Structures are given as C-alpha cells and as structure tokens.
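Right, one structure below, let's go through it.
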RNA sequence: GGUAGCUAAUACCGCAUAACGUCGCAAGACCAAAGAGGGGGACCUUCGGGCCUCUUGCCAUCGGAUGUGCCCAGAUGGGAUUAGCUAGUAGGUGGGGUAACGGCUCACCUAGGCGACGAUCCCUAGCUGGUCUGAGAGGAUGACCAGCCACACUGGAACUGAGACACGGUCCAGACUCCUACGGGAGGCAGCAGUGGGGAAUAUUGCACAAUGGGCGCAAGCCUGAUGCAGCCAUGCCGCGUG
RNA sequence: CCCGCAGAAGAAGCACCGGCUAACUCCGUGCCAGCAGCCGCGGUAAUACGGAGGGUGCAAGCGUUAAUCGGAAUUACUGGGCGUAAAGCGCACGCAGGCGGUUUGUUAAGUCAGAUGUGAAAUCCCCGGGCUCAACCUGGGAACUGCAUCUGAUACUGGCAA
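Chains as they are written, first to last, in full-length UniProt numbering: chain A, 2 to 206; chain B, 1 to 82; chain C, 3 to 87; chain D, 4 to 83.
Below you can see the structure in the form of structure tokens.
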C-alpha cells in the first residue's frame, strides 16, 4: 500500500500546505504554492460542485494518509455509532496510533511515524504494538523501549515539536520520552478548515 | 438413549466447545434438545470460562440420562466447589 | 460382495422357514374353527375354540404377532360364536 | 370448555349425512379490503335431524370415514 | 453344490408355575424364562465341584423419558386461446386386514360428491430458518451452515428385523459391460481420492486416530475418507511490506 | 511466539483524459484507416482516430462481459392516469357479487385492551470479552412484525326485534 510518490505534487495540486513535508525552512522555494502543476496547469480549471466534493475528499484523505477501502469502512463504522456523523468520524480517525504518536512529538511527519511503528518501536502496557491501524483506548500510556533508545531522531523531533500548539486534550509530558493519553479529542482543538458535511454528502450519492 | 455430548463451533486451530443434551443417533453439532452450558479449553488468565447449571443436569439425570467422560471430569473438577 | 452379511442372510432364511411353519399352523386352526362355525354346531365349535386358544396365545407371547392380534382374534371369534346359538 | 363453530346447511340429505358451510371475515394481506370467505366440511349426524337452510353448531371428533371428521351436538333455531 | 456318520451351547421345543396379563354382562379358560465370572478360614465331597458371598444377564407386569406411525383447519408457481369433471367415485348396512379409525378391502342399499370465492387439464419447479437488493412496502433467489422430505443402473415384490420395501441385504424382468472348457456366472463411485467425456470453468490415485463423537466389549482395547489437520487455486473478505 | 547477523538490499501495475464524469497539448493519418454505453466524432487545425509528453482514479490488483434490485411515481396499495395524445363499451333492463337513510334495546361475530402457551440454535442488532489490530469466535438482552386460548371493553360496521 502507501503512496510512494512526489508528495509536493499533491501539496501544490491541493492549494494549501499539507504539513506532510515538515522540514525546517517551511518556505516558498520548497513548495511553489498556487501553481497547480502539469503541462499547462497555469490556467484556472473552473471547478464544479462534484469537483468541489472530490477535491475536499482528496484533501481529507491525503492529510491522514489512508487509502480508499479503509476510509469507506471507517465511514461505515462512524455512521453505525450514535451522534453527529462528521464529528464522530473525525474523532475516530484522530484516534489512530500513528497520528497520536506524531502529535506527541516523537516524529516530524505522519509517514515517518508510521515507519517507526512498523519497525517494532512504540510500547504500551509493557507490550509491543505492531501496526498503526491500532485504535487507542482512553487512559493509556505511550512510551519507547530501550532498543530504539538514544536515537537522535526522537531527540530532534522533541526539540522541533514545540513550534506546534501542543493540543490540550493530550498531555505533552515527554519528561523521559514518556507520555500519557487522556481523552477523545473534540472539535475545538482541531483546525476548523476541514468541512465535515461535504464528505457525508458525497457518500450520499 | 439420551446422553450429554460435546459439540464445537469454532474456527480452525481455536476450539470452543458447548455442552448440550441430545440423542445419540444424531450428528455432532446438529439437532439438539436444549443447551446447558459451555467450556473454553484454551481460555485465558481470566476466571470466566467454566459455567454450568447444576439444577438442569440433575433433573436430566433423574429423568434417566447418562454421562460422558470429559463432562464427568469437568463436573468433578467444579462440583458445587472443589 | 464380501462382508459379514452372509451369515445374516442364512439366519434370515432359517427364520423364514420357522415363521412360515408357525403361520401355516395358525391359519389351519383358524380355518378349522371357521368351518366349525359355519357347521352351526355349538358344542363342537366351543371345543375347537378350547384347544385352539393356547397355541395362538403361545405364538403371541413368543414374540411373533405383537401380542395384540391375539386379543382381536379371540374377541371377534367369541362374539361371532356366542350369537349363532 | 369445547371449541365450537356455527354454520349453514345449504345441502342435500344422504343417509346419515349433512354438509355445512361457515363464514368469517379476514383482512387481505395486500389491499386492506375485507372479503367474505367460505369453507366446506362434511359431518356425521344422528337421525338426520336437521334440514335445508338451518343454523347449527359443530365440533370435531374421531375420523369416521373419508372427508367426514366432525359431528353435531346441539341445534338452535329449528327450521327456517 | 449334494450324500453318509459323528458334538455343544444364552440356539430350539415340550412340562411344572400364573397375576393389577389376555378374553369375558358372569363364573371360568389360557400364557411365560439363563449362565458365566472374583475369591474362599469353617462344612459335604465318590476332591470335579457342591456350599458362603459379590458383579452382570435372562422373563413377565405398571410407569418415566426419546424417536417413529396417523387426523383436521389455514397459507404454499403461470395459463379461461384448459368448462364441466368423477362408479369403489359419496355415504349407510354387515363381514375380513393392519399398531390403530378408516372404501384399508369385500357382498348388499341408496343417487350422489366437486365446481366461477377456479374443480379436472396443461407448462414449470424440492420446501423453510434465510441471502441479495431498496428507508418502508416490495422484488428476485433457496449458493455453503442448520431443519424436513424424496431418491441409490431402469422397472416391481416382499422376507428379516424393535425400527426398511432396506445406498455397499435378497428374487425376477430389462440394457449396458467383464470373465467363460461356451454349458453359465459376476457387477453397479450420484461415499472420500481419480480417469474418459460436456463446457467459461472449479483442487491432491495426501496425514492421525493424540482432541470430540459414533458402533462393539466388565474393562484393557479394536475400527471409523465422521472428524481434526494438511497440498493447490489473487475465488472473496481482510491486515501488512515496496523506505 | 521471543532473541541475534555488516546488510537498502528482494519487491508496482492497470484504466480514463468532448458532454453525461476528475483531468490536454503537439506530430502522422485526412469519409480510407477507425472508435463508441446515448448524443455522434472523421474531406486538411481531431481538446473524441493512431503516437509522445503531462494530468486524473484505484492499487496486489484493475478493466471487459454475464446475470438481480433501485434510480422507474415505467403495474401507481402507502403512490398515476381516460375532452383534444395510448385510453368511457352504441345504447338501455336486470340475477350472482359490492355498498347503503334515521331512532331504541339485545347480541360480542369484527375491532380494541390484559394474561398465558408457542413462533428450534446460527445469522440480522446492542452492550462487553478474546486472537498483538481488525476479519473471526463468543457471555447476556432484541425481534422474530404472527398463531391459539382465557378474562374484559361496546362508540362504528355485522346478526337480531320493534
């Protein structure tokens, strides 16, 4: 699975920073925003309603780095549960282990967080977790064992983490590269750019 | 006759038994009269995994039923307390 | 075919012979008692019933007639014979 | 008690035989209308008491002969 | 296959016994069966055994459960370019046959029964708990897993047995094949594997009785393509890796 | 199922790019060669035919076909229509069906309440448990939208009498 391609192509096509490159110079020479690449991508494409829906789906999909079948199953599960559909879907998607690892700050990009997960690094309750499709439960512990200790990657990530906003629902912790999960995140802390309803409308048809 | 046998419904390499009372001539997991309990051999550290209803099996013994070896060992293992 | 059923077949034919003999006995006595009934006599038919009862009851108790046919025969014959006198 | 049904004769008289019909409403499973429905049996009687066009109850008993399985008990509103 | 002569047994058959059993308004008549084994200080022994014990088995009753055998009522595809069907057909009377009422069969007497609220007659299909689809109503469908029927080369019959008209149990008729000294005889993979052949096209002439179950045996034990595991097939549903 | 070995190594394809429906520019072909599900596109400038480069959609799969349902309110009960389009018989008269003005009593057959028995266990659903995560197995409820019986209710139809 996985993308395995030119990521800034999707960064430029979408038209907004996708937070998935995350170097040090988050500057123009990296991105060349608002170009819409291609042979003659200078022209304005004059989107339509179905195009708006599809583009929003593409953005929400690529931000969290998931394929199609998993996303459809996630929508099914979210709709089965009670409550507002969009908020429940975003809350459920946020619960993925790779995303919470990134938000804790042990990495720089979600993809590298997944790379760390696949190589038997992250630890919980004294038991190794293999996969990033794991669903974290409330009141759990995130930690790193000693085989992957003293790796400069985690220290660099910890130092560069503070540039972000350190969401309130999670405790930053990180006194001894150890953390603590508290509760399900909610609408307020996450960015308000994403519009939930349009995805549901798209799956309506 | 009327006996108390064992039947399984689990997946490959993962047994899950279900003690039941039925006729001898019928199949393993087929026609049955009434379920009475279950036993999980692999089980776990958790205590649950061995339950019965002593009243119904006692009544069925009174009506004239017989016993199998594994279920006899099980009931000897549990009894009311052991 | 080669199985264990050969001795079963032999036992079956021997049982056939024995049961046919007993059935012929039964039928001969039933025919004689009906003949006596048709004759119209009372004493002779009553006597014939008298020696006839034990053999039919014996065949019933042996396990060859299911124990209920004998009662039907006896009751019907008694009802038939008592009226004509 | 003993379950009973009520019906109508509309039948000729054979030797110790009458035929009866019974009625009841029912809801059609599709269109919601109510339609009269008729069912017919055969009865074993005694002394051919009942006559054409009479109202009589009925009850079931041991099978006597082919298609004859119910017998009468009481007759009410004798004659027309 | 036949003839002659030998031998046991829980095989088989007479007698003894006989009642909450059978037949009977009433007396009354009648019915059945079996030994082995583990020990044994005292006793008899014509030293085998009797004799003292204990486990199982046989024959009658009356009862418990568990399956099977019957009846009725209501639902269960398409065609009026299928309108009249039906004498054992519908009842009554008496006999015979089943575990039992019964046209289940017999001889007699009646003049009936079914039908426009679909009878007879055609074409088509195993039936449900369900599956798929759609919001609901519906509409197609009966793959695997459960429940029930009807079927074992094609036509028919029964014996045996507690329980078949019996899937690897008999007897005929038929047609296929295979052996025959040519006078006759054997045989039914639609049971798990597999070949030939139809097709768009579906698997390997595999392991184990250790787990559960089934049938024998007081048990130890014996079988068991039931089963529990294998090998193949991107055929679906999954989860992962290609930094 | 755990521990160890220098080791980037041993691993990506397939459809579409006129509208319906996300994305375009060049060269050769020039009513021949051809596509295509409907509209149809092709005689010198093809955003539709062949190649090249770019883009778009899903990914250990992707496209083609065969078959079923909704979009279909295109069999219409919940939910359509009959002056001029596809549609009111040529008219009347009347059995079998269907349906009925308006009072007062009786009746419990419809109908409505309550209880009991029964709708086999899988599945469909909700709380949880387990296999590192799901697929998958499973503890307890839920409904099987009915059927039958018994006790009650009497406004409306139904049978009764005036």
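Just so it is clear, CB atoms sit at the ideal spot from N, CA and C, and this is done for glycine as well.
Count the other C-beta atoms from every protein chain shown that fall within 10 angstroms of the C-beta of residue i, then say buried if there are 16 or more, exposed otherwise.
| i | result |
| --- | --- |
| residue 60(A) | buried |
| residue 17(D) | exposed |
| residue 9(B) | exposed |
| residue 15(C) | exposed |
| residue 2(D) | Residue 2(D) is absent from the model: chain D starts at 4 and stops at 83. |
| residue 117(A) | buried |
| residue 77(C) | exposed |
| residue 12(C) | exposed |
| residue 14(D) | buried |
| residue 193(A) | exposed |
| residue 4(C) | exposed |
| residue 111(A) | buried |
Can you tell me which of the three DSSP states residue i falls into?
| i | result |
| --- | --- |
| residue 123(A) | strand |
| residue 47(A) | coil |
| residue 36(C) | helix |
| residue 30(D) | strand |
| residue 23(B) | strand |
| residue 87(C) | coil |
| residue 95(A) | helix |
| residue 11(A) | helix |
| residue 25(D) | strand |
| residue 51(C) | helix |
| residue 105(A) | helix |
| residue 13(C) | helix |
| residue 63(B) | helix |
| residue 37(D) | strand |
So, residue i versus residue j, is the Cβ gap smaller than 7 Å?
| i | j | result |
| --- | --- | --- |
| residue 20(B) | residue 7(B) | yes |
| residue 101(A) | residue 137(A) | yes |
| residue 183(A) | residue 172(A) | yes |
| residue 43(D) | residue 24(D) | yes |
| residue 170(A) | residue 141(A) | no |
| residue 78(D) | residue 59(D) | yes |
| residue 153(A) | residue 179(A) | no |
| residue 158(A) | residue 92(A) | no |
| residue 47(C) | residue 38(C) | yes |
| residue 55(D) | residue 8(D) | no |
| residue 204(A) | residue 76(A) | yes |
| residue 82(B) | residue 2(B) | no |
| residue 50(C) | residue 62(C) | no |
| residue 155(A) | residue 107(A) | yes |
| residue 198(A) | residue 52(A) | no |
| residue 82(A) | residue 74(A) | no |
So what does residue i bridge to, in DSSP terms?
| i | result |
| --- | --- |
| residue 47(D) | 74(D) |
| residue 59(D) | 10(D) and 78(D) |
| residue 179(A) | 144(A) |
| residue 1(B) | Looking at the DSSP assignment, residue 1(B) forms no beta bridge with any residue, so it has no partner. |
| residue 6(B) | 19(B) |
| residue 35(B) | 20(B) |
Near residue i, what residues of its chain come up, given a Cβ to Cβ distance below 7 Å and the 5 sequence neighbours on each side ignored?
| i | result |
| --- | --- |
| residue 56(B) | 36 |
| residue 115(A) | 99 and 133 |
| residue 50(B) | 39 and 78 |
| residue 82(C) | 39 |
| residue 67(B) | 4 |
| residue 54(C) | 31 and 35 |
Apart from the five residues just before and just after residue i, which ones in its own chain have a Cβ nearer than 6 Å to its Cβ?
| i | result |
| --- | --- |
| residue 64(D) | 74 |
| residue 146(A) | 124 |
| residue 47(D) | 67, 71 and 74 |
| residue 63(A) | 11 |
| residue 11(D) | 24 |
Under 8 Å Cβ to Cβ from residue i, same chain only, skipping five residues before and after it: list those, please.
| i | result |
| --- | --- |
| residue 43(A) | 36 and 37 |
| residue 41(C) | 47 |
| residue 42(B) | 14 and 15 |
| residue 71(A) | 134 |
| residue 188(A) | 88 and 91 |
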